[PDB]
Amino acid sequence: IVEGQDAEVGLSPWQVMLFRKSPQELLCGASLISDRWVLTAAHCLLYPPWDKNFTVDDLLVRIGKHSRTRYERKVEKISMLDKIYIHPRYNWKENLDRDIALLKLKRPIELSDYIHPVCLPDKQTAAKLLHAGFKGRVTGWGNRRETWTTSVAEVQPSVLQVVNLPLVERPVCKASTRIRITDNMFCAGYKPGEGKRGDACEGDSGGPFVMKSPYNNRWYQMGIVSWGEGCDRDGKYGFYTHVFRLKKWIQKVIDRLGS
Amino acid sequence: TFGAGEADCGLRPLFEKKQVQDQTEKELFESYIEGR
Amino acid sequence: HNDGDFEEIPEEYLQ
Ligand SMILES: *[C@@H]1O[C@H](CO)[C@@H](O[C@@H]2O[C@H](CO)[C@@H](O)[C@H](O)[C@H]2NC(C)=O)[C@H](O)[C@H]1NC(C)=O
């Protein structure tokens, strides 16, 4: 993350990092919504352009981690996936639309002080909280400065990175790019004439854009880091998958319904 | 148990459940404008 | 997305 502070120990118990088995590298960030379901961005698994198409045999889920590389023997829980559900009408070629995915764990994890899930939006919270101007916290171990042929010169961060970015009016997100923006993705970031910087970069993708409810006092995942046009570029904002606008598909896939 | 996460989500063990706020928390509420 | 080596993990994940 570009222009952020260091996350506190336990500041985000729902963070997950899609680790690659071999070679062992950080693919993306993820989010825990149940003891056996993990939410990510559909491009972290399926992206024909970058020849991306992982199997369940490719992935390894790391939960409760606060170091980038360090195997936290006593606090991080590693798990393995079972199935991988990618949205059917995912637009990986015209605008990365419906960029959301769900991974089922082959084992409900032992929830600790560090492994503790996020809440999904309810009609009221989506309505009350999701207002242009309202800030949303985004976490992730990705790039601290936009890089093409990437890697360390202190670009990647040691521990979790946090940054709170305000939401942008839709007409401004649309008039920010040339890509067909739908109502299945919103954008966030400080305007050029604004007094602050920051943004999600490469490696943070998949990660949760959360918001703390003021009426209720719990956290709500309002989006998932989908894509941006360069990290922290004046006049360009970060796009996130609208979690609430795609919630039905989450219910329809998890089947955690009426009771 | 306390629940299977059911409606205990979002409630951070090292914070919300421990009455302790985080360093950048206030920034959020300050932005929603509507105070209590 | 690239590599600045990552520390050891219990290999019954790898095999
Ligand atoms: C590459 O990704 C495709 C999906 O685009 C995988 O296809 C699977 O196909 C079966 C049969 O229709 C489905 O039941 C699975 O759900 C699909 N997988 C996913 C992740 O959606 C395909 O298996 C992948 N192949 C490789 C080599 O990774």
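Using alpha carbons only, what's the Rg to Rh ratio of the stretch A:1-143 with Rh from Kirkwood?
0.96
By counting other Cβ atoms within 10 Å of each Cβ, how are A:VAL56, A:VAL38, A:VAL138 ranked from fewest to most?
On the way: A:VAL56 14, A:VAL38 25, A:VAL138 28.
In order of increasing Cβ crowding within 10 Å: A:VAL56, A:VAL38, A:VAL138.
Which ordering of A:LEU167, A:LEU246 is given by a fewest-first count of other beta-carbon atoms within 10 Å?
A:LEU246, A:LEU167
Find which of A:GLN161, A:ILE86, A:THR149 sits farthest along the positive direction of the dipole of chain A, computed with +1 on the beta-carbon of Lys and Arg, -1 on that of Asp and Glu, about the Cα centre.
Farthest towards the positive pole: A:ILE86.
Please compute the contact order of the stretch A:151-223 in relative form: average sequence separation of alpha-carbon pairs under 8 Å and at least six residues apart, divided by the residue count, as a percent.
21
Can you sort A:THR125, A:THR69 from fewest to most other Cβ atoms within 10 Å of each residue's own Cβ?
A:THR69, A:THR125
Take C:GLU12, project a point 7 Å from its Cα along the Cβ direction, then tell me which residues of the stretch A:12-41 have their backbone nitrogen under 20 Å from it.
Correct set: A:21-22.
How large is the Kirkwood hydrodynamic radius of the protein assembly as shown, in angstrom, based on all distinct alpha carbon pairs?
Details: mean 1/r = 0.0517 Å⁻¹.
Mean inverse Cα-Cα distance, inverted, gives 19.3 Å.
Under the rule of at least 5 residues apart or a separate chain, name every residue whose amide H is placed under 5 Å from the amide H of A:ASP97.
A:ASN91
Test of understanding: given chain A, find the longest segment containing no GluC sites (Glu not before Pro) that are in a DSSP loop and have at most 11 other Cβ atoms within 10 Å.
Working: sites that count: A:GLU94, A:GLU110, A:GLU154, A:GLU194.
Here the longest segment lacking exposed loop sites spans A:1-93.
Based on the Cβ-Cβ distance of A:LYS106 and A:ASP255, what FRET efficiency does E = 1/(1 + (r/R0)^6) give at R0 = 25 Å, to the nearest 0.05?
E between A:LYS106 and A:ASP255, to the nearest 0.05, is 0.90.
Taking loop as defined by DSSP and a crowding limit of 16 other beta carbons within 10 Å, which trypsin sites (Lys or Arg not before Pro) in the stretch A:43-144 fit? Present the calculation step by step, with values, prior to reporting the outcome.
On the way: sites: A:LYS52, A:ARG62, A:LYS65, A:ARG68, A:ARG70, A:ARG73, A:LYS74, A:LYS77, A:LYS83, A:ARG89, A:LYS93, A:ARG98, A:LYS104, A:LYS106, A:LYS123, A:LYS128, A:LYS135, A:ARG137, A:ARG144; in loops: A:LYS65, A:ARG68, A:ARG70, A:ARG73, A:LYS74, A:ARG89, A:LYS93, A:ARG98, A:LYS106, A:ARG144.
Sites meeting the loop and neighbour criteria: A:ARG70, A:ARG73, A:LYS74, A:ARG89, A:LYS93, A:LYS106.
Residue by residue through the stretch A:116-127, what is 3J(HN,Hα) from phi via Karplus (6.51 cos²θ - 1.76 cosθ + 1.60, θ = phi - 60°)? Round to whole Hz and write x for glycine and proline.
8, x, 9, 9, 9, x, 10, 2, 5, 5, 4, 5
Bin by bin, in steps of 10 Å, what percent of the Cα pairs in the stretch A:95-153 do you find, going until the bin that has the longest distance?
Going out from 0 Å in 10 Å bins, the stretch A:95-153 shows 12, 26, 38, 23, 1 percent.
All Cβ positions, even for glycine, are placed from backbone atoms using ideal geometry, and neighbour counts span all protein chains on display. Every number in this text was worked out from the coordinates using simple rules, so none of it is lab data.
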